[PDB]
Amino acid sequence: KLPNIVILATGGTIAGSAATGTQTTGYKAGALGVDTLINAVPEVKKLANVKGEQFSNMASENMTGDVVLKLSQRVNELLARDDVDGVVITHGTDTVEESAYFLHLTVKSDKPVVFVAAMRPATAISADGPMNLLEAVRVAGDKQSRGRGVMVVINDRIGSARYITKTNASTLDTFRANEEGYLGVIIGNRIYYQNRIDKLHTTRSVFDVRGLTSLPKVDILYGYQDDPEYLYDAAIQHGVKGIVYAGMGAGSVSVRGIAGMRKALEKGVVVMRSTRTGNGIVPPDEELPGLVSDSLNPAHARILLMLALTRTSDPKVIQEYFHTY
């Protein structure tokens, strides 16, 4: 029989629309309901028994920790039922790497959780959303997909929430993991799996959102020539618990940045040095302040740091998380 898939809608461009079919920019995201989306691709109903639920309807640049936290709890609830085999979450592309990674760390189930997005509005000529959604359901309902961590499906590719990121401001093929590749690809309606991530996630994660009602405050500061120190003062003075530094090269700091970090440290703020480059490993360096983000980019590093702080503030333990998650 067909598997039972629930399609949780949060908004995004995949549900956006513009006045004309040639308008691919300046459209309104989160304008259509989940059912309109489902009826656009009726074929979806032959791959599984789908049920659409409207969790929200916004542009992903406005997604917040509060909402992501509730989204995570809602998905844990659904996955606990016996009449739910998998979940597909329609989301915006802009911050899908952030929400997808948060759930990658907090969903306590082996059942597939697949995020799907689209770079073109649903009203666009050659809109990518329909096929993306169709592929997402297919992946969600396949039993080969269990235990692979949270996945992002778009443009025939299946990426891990831990490595996948939006690398181009506006192309269809924007989502890639340059050094880590894709978990698999969907060609001709067959799924081809190629990798399994060698990291901890989902059912083997220590992070638990059941019981939380708010998350620690973590900001991201950029590293560049002449980077100001006052931005660190500002962050501290506003009660941030952690600071993710999108540094030059391999988390390199200027004299001004070092001053700001030392200050944040003597104030109890956790400093996580990452990179602005876009890919790669930020290796340990005792000569420099703060922890290092391993291969986590700024956006992902902020997510893992927020969660880590809901467990400990021990630098030694947090550094461990960053090398295993």
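Residue indices: 1-based, along the sequence shown. For clarity, a rigid core is taken as the largest C-alpha set superposing within 1.5 Å between two forms.
- Item | Segment of greater CA departure in 5 other deposited structures of this protein, 205-213 or 93-101, core superposed | Clearly, after the core fit, the stretch farther away in 5 other deposited structures of this protein is 205-213.
- Query: 32-40 versus 283-291: which one's CA atoms end up farther from this form in 5 other deposited structures of this protein after a core fit?
  - Reply: Higher average C-alpha offset in 5 other deposited structures of this protein goes to 32-40.
- Out of 242-250 and 106-114, which one has CA B-factors that are higher on average in the deposited record? Taking the mean B-factor of the alpha carbons in each, 106-114 is higher.
- Hey, which bit's got the bigger mean C-alpha B factor in the entry, 192-200 or 157-165? The recorded data point to 192-200.
- So among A136, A177, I186, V209, who wins on Cα B-factor in the entry? Among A136, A177, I186, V209, the PDB entry lists the largest C-alpha B-factor for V209.
- Message: By the CA temperature factor listed in this entry, which of these ranks top: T13, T10, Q23, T310?
- Response: Largest recorded C-alpha B-factor: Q23.
- Task: Would you mind ranking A40 by its C-alpha B-factor against the rest of the chain and naming the third, lowest, middle or highest?
- Result: Tercile = highest for this residue's CA B-factor.
- Third assignment of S295 from its chain's C-alpha B-factors: As the PDB entry reports it, the C-alpha B-factor of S295 lands in the lowest third of its chain.
- Message: Lowest, middle or highest third: which one holds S99 when the chain's residues are ordered by CA B-factor from the entry?
- Response: For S99, whose C-alpha B-factor we compare with every modelled residue in the chain, the answer is the lowest third.
- Query: If you rank the chain by CA B-factor, which third does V68 end up in: lowest, middle or highest?
  - Reply: Within its chain, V68 is a middle-third residue by C-alpha B-factor, going by the deposited values.
- Message: Based on the deposited C-alpha B factors for this chain, I'd like to know if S60 is in the lowest, middle or highest third.
- Response: Middle third.
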